[PDB]
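Okay, so here's the structure we're looking at.
Here the Cβ positions follow ideal geometry from the backbone for every residue, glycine too, while neighbour counts run over all protein chains shown. All of this is worked out from the model, or read from it or from the source named; no laboratory read-out is quoted.
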Amino acid sequence: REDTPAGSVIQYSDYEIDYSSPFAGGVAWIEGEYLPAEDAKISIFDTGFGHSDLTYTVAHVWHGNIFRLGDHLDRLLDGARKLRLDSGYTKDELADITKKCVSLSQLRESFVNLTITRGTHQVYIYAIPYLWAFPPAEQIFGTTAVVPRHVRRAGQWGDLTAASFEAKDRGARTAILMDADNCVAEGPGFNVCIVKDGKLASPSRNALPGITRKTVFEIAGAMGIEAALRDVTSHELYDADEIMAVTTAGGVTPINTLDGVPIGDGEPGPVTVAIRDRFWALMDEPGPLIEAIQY
Amino acid sequence: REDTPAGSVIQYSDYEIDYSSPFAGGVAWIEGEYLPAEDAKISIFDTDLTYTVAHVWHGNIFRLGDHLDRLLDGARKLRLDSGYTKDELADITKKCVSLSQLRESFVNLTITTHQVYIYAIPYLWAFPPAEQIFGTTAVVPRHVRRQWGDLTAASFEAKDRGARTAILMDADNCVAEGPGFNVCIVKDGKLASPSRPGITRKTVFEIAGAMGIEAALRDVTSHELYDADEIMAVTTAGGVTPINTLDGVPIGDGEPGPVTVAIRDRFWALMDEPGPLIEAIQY
């Protein structure tokens with residue numbers, strides 16, 4: 001189930017999956033049917049994947065709790081209305097379906113996807129094992145990044161793969177891509193936040209579907225930290241007090257070094273750590289942000 | 001197989017489909033395998049891509065050469081491996097149409113590990129044959145400017161206003177497109193279409209050039225649309241469709257314009273005329 005550092009804010013649930021169920025380990029709901037993830041197949045005529053005509057969001061489940069399911073459905077449905085996608089289901093129906101996908105999977109730790117496409121409009125929901133852009137150890141102890149020399153954004157998951165390969169060839173774990181106008185764009189599968197003089201900044205691109213950075217901004221807010229979506233300059237990145245990766249697939253990752261240069265002392269920054277540890281604490285704290293899945 | 005108007009330039013091949021083939025009526029090719037259309041499914045996890053749309057009419061596939069050139073050119077951008085060559089995709093494409101037994105077919109090539117999907121299904125109409133011949137009604141939406149979100153909203157406003165279709169403007173008050181088509185206007189024996197996955201428009205411009213009609217890709221203003229002599233829709237799914245009225249007011253004499261009719265009748269004749277553009281399909 002992936003090992004996590006002992007005594008760390010990151011711990012998997014302790015429990016037994018009954019694999020006699022064909023649903024164990026991954027459930028996808030397609031066309032009114034809950035089916036094992038392995039057998040979940042979508043028509044080639046779905047003009048969503050065929051012609052990028054879809055809305056989607058990604059959620060997560062941790063310790064049997066699904067995080068901010070309501071906010072995810074509002075965001076998915078908002079997107080549905082802008083694209084004139086009528087799912088045919090209500091918010092409550094989509095909620096019960098998402099929760100049943102997780103329940104039938106038996107996963108206490110799960111990566112969840114909700115998609116609405118133009119098929120007659122189609123809804124696809126899946127719950128599969130929890131996904132890491134960075135392993136648990138790196139979430140705790142921090143990772144290493146470079147700015148690619150051989151790929152920029154404009155001011156394409158191909159760029160992101162190349163950026164990642166170049167990082168690994170230069171002996172770092174990940175890339176922070178810049179754009180044409182020398183502003184921070186993003187990482188392969190994450191957004192970047194910088195901390196400078198107790199303020200937090202993240203690019204305005206908002207490519208990622210998830211709600212993790214919104215949670216980071218709200219956590220920063222409740223910590224008295226000014227947090228802003230805006231253009232982040234090359235200068236701001238290389239002069240940042242802290243840099244962090246933010247994504248649904250692993251949460252908040254300290255970035256210890258950029259182009260082999262330590263950021264602060266070359267260890268996770270104090271604001272990165274406070275936000276990260278709060279994020280994981282939220283997964284066990286009764287309140288509006290979580291619902292327990294019934295297994 | 002969809003009725004067409006009697007005596008019109010639009011007539012389906014006359015033939016019976018052998019449904020003893022599981023491939024009859026529509027076929028998909030997915031990474032090595034030919035499948036009945038209905039069986040053409042991919043993993044949800046598999047669900048960055050380029051694609052082109054083409055058509056077959058009277059057993060002839062239209063401009064597959066130029067479609068494949070367009071498709072591969074697109075593949076190098078987005079860093080997507082072709083996996084196969086042009087001659088190979090060409091064979092696979094003609095084989096899908098052949099196996100489908102469809103003389104009239106809508107065909108799609110997509111490149112998205114690399115995945116290549118090809119299919120041939122029954123021919124798709126943006127506008128029914130009756131409107132391809134007798135023309136249709138349009139409005140400029142007041143609540144949507146220039147995403148199938150916009151074009152679906154345009155379409156909803158058009159129907160709400162009693163019209164068959166919408167012609168969207170951009171924030172610059174220039175003509176963008178309709179839902180599923182490019183707009184061409186005729187003014188003073190000149191053809192114009194807005195400077196914005198089908199070779200149907202390029203085909204209209206080459207037909208227009210060959211009739212001694214200037215044709216320009218440029219900015220068309222709202223005022224040029226309302227003042228046009230003729231308005232037509234252009235798309236792979238149905239070809240060239242006259243627009244007889246705009247905001248309830250007839251364009252011209254309230255019937256298909258003569259350039260529209262000339263270009264339209266020439267496009268349908270291209271399918272039946274042997275040459276570089278059309279290749280007969282071995283069924």
* With respect to A:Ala167, determine if the residue is surrounded by 21 or more Cβ atoms within 10 Å (Cβ to Cβ), away from every other protein chain (no Cβ under 14 Å) and either out of contact with any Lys or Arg (no Cβ under 9 Å at 6 or more places or on another chain) or part of a helix (DSSP H, G or I) (or both). => yes
*asked:* Here is a check on your reading of the model: is A:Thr247 of a type in the set (S, T, N, Q) and over 23 Å from A:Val58 (Cα atoms)?
replied: no
The condition of being more than 27 Å from B:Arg264 (Cβ to Cβ) and of a type in the set (A, V, I, L, M) holds, among B:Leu102, B:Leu80, only for B:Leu80
Taking the stretch A:172-185 and keeping only residues that are crowded, with 19+ Cβ neighbours inside 10 Å and among the acidic types (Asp, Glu), one is left with none
_Please determine whether any residue of the stretch B:259-273 is farther than 22 Å from B:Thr4 by Cα and not assigned by TED's automatic domain parsing to the domain that holds B:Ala75._
no
- request: Answer yes if at least one residue in the stretch B:50-63 is within 11 Å of chain A (Cβ to nearest Cβ) and over 20 Å from B:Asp87 (Cβ atoms), and no otherwise.
  value: yes
Those residues of the stretch A:186-202 that are surrounded by 23 or more Cβ atoms within 10 Å (Cβ to Cβ) and more than 16 Å from the chain's Cα centre (by Cα) come to a total of 3
Note on A:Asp74: of the conditions (1) among the acidic types (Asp, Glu); (2) over 12 Å from A:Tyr126 (Cα atoms); (3) within 9 Å of another protein chain (Cβ to nearest Cβ), unmet is (3)
Conditions (1) farther than 26 Å from B:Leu151 by Cβ; (2) under 14 Å from the mean Cα position of the chain (by Cα); (3) surrounded by 20 or more Cβ atoms within 10 Å (Cβ to Cβ) -> A:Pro129 fails only (3)
Scanning the stretch B:170-190 residue by residue, those small (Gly, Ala, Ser) and either over 25 Å from A:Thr55 (Cα atoms) or assigned to a strand (DSSP E or B) (or both) turn out to be B:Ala176, B:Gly178, B:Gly189
Would you mind stating whether A:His121 is surrounded by fewer than 21 Cβ atoms within 10 Å (Cβ to Cβ) and over 24 Å from A:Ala207 (Cα atoms)? no
Of the residues that make up the stretch B:113-123, is at least one away from chain A (no Cβ under 14 Å) and touching a strand residue (DSSP E or B) at 6+ places or on another chain (Cβ under 9 Å)? yes
Counting only residues in the stretch B:74-110 that are in contact with an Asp or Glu (Cβ under 8 Å, 6 or more places away or on another chain) and basic (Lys, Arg), the one surrounded by the most Cβ atoms within 10 Å (Cβ to Cβ) is identified as B:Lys94
Note: among B:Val240, B:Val259, B:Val220, just one is in contact with an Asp or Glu (Cβ under 8 Å, 6 or more places away or on another chain) and surrounded by 18 or more Cβ atoms within 10 Å (Cβ to Cβ), namely B:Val259
How many residues of the stretch A:95-112 are out of contact with any strand residue (DSSP E or B) (no Cβ under 7 Å at 6 or more places or on another chain) and either within 14 Å of another protein chain (Cβ to nearest Cβ) or farther than 23 Å from A:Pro22 by Cβ (or both)? The answer is 1
Scanning the stretch A:30-47 for residues that are facing chain B (nearest Cβ under 8 Å) and under 24 Å from the mean Cα position of the chain (by Cα), the one surrounded by the fewest Cβ atoms within 10 Å (Cβ to Cβ) turns out to be A:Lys41
Pairing a residue in the stretch A:10-27 that is over 11 Å from A:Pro129 (Cβ atoms) with any residue that is loosely packed, with under 15 Cβ neighbours inside 10 Å and aromatic (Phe, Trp, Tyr), where Cβ atoms lie under 9 Å and the two sit 6 or more apart in sequence or on different chains, gives A:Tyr15/A:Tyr295
